[PDB]
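One chain is shown next in structure tokens, namely the form deposited in one PDB entry.
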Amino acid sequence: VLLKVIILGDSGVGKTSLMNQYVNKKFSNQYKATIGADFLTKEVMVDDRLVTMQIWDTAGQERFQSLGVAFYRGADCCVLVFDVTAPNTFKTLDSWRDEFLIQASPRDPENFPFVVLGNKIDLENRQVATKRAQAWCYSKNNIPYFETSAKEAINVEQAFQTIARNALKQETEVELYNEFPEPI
């Protein structure tokens, strides 16, 4: 069982840092723009079951985005990341959510698993309030929200445990749908 997870969000919010903290327990203050989309794989235990997570890191800069997007299809979970110190990055979440739905075209979009990460909470200059972020998540059919720090490894393991569990649930349903579709 391979679980495909896609991480989306504006340039600089910490997508690559979150993935590298989780997969490699390493963090760099140095910024290196992500070009295109590619993945790291990690074997993880999901509620006592072994699965391989294919975690796709993507370019936040539009000029660096891959032209091809076939990889979104079949995705099991989409991670939306914003920077709590940068309100513009929280305001683009609907566009990211919509781009994911359009490229992945999942059946039953309202129940597709999304997980939102408000990153860089270690910084002193926060501008996006937890209540405002939670209100948005609730309005998107109650998606899970975690405040993280990739720099200080705060809530990273916890967020990815829910990402893995929800992605497994989704993979499980798609497989069931293919073999036993429910009637109309």
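Just count from 1 along the sequence shown to find any residue number. Heads up, when I say rigid core I mean the largest set of C-alphas that superpose within 1.5 Å between the two forms. Residues that one form lacks are left out of the comparison.
At least a third of the other compared entries skip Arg63 while keeping the residues on either side. The records show that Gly36 is omitted from the coordinate set of at least a third of the other eligible entries of this protein. Per the PDB record, of the two stretches 113-121 and 151-159, 151-159 carries the greater mean B-factor over its C-alpha atoms.
For the pair 3-11 and 173-181, the mean B factor over Cα atoms is greater in 173-181. Across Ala33, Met45, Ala133, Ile55, the entry's maximum B-factor at the CA atom is seen for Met45. Annotation for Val69: CA B-factor lies in the highest third of the chain's modelled residues. Per the PDB record, residue ranking by Cα B-factor puts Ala129 in the lowest third of the chain. Ranked by Cα temperature factor within the chain, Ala59 sits in the lowest third according to the deposited record. Remark: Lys91 belongs to the middle third of its chain, ranked by C-alpha B-factor as recorded. When the modelled residues of the chain are ordered by C-alpha B-factor, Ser17 sits in the lowest third.
This next part talks about the form deposited with a partner chain bound, which is not shown.
In terms of contact with the partner chain in the bound PDB entry, the residue from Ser66, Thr130, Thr52, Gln127 that brings a heavy atom within 4.5 Å is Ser66.
Contact with the partner chain in the bound PDB entry, judged by any heavy atom within 4.5 Å, is made by just one of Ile143, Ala37, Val156, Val44: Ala37. Shown alone here, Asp57 lies within 4.5 Å of the partner chain in the bound PDB entry, counting heavy atoms only. Within 4.5 Å of some heavy atom of the partner chain in the bound PDB entry lies at least one heavy atom of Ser105.
A residue is said to contact a partner when one of its heavy atoms sits within 4.5 Å of a partner heavy atom; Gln61 meets this definition for the partner chain in the bound PDB entry. Although the partner is absent here, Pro87 lies well away from the partner chain in the bound PDB entry, with no heavy atom inside 4.5 Å. When the two forms are overlaid on the rigid core, CA displacement between the shown form and the other one of 2 Å or more is confined, within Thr52, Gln134, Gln127, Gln65, to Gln65. Between the C-alpha atoms of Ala59 and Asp98, a gap widened by no less than 3 Å is obtained in the bound PDB entry, as opposed to the form on display. Cα-Cα spacing of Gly60 to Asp98 is enlarged in the bound PDB entry versus the present form (difference of at least 3 Å). Once the core is fitted, the segments that move between the shown form and the other one, counting only runs of three or more residues with each CA displaced by at least 2 angstroms, are 35-38, 59-71.
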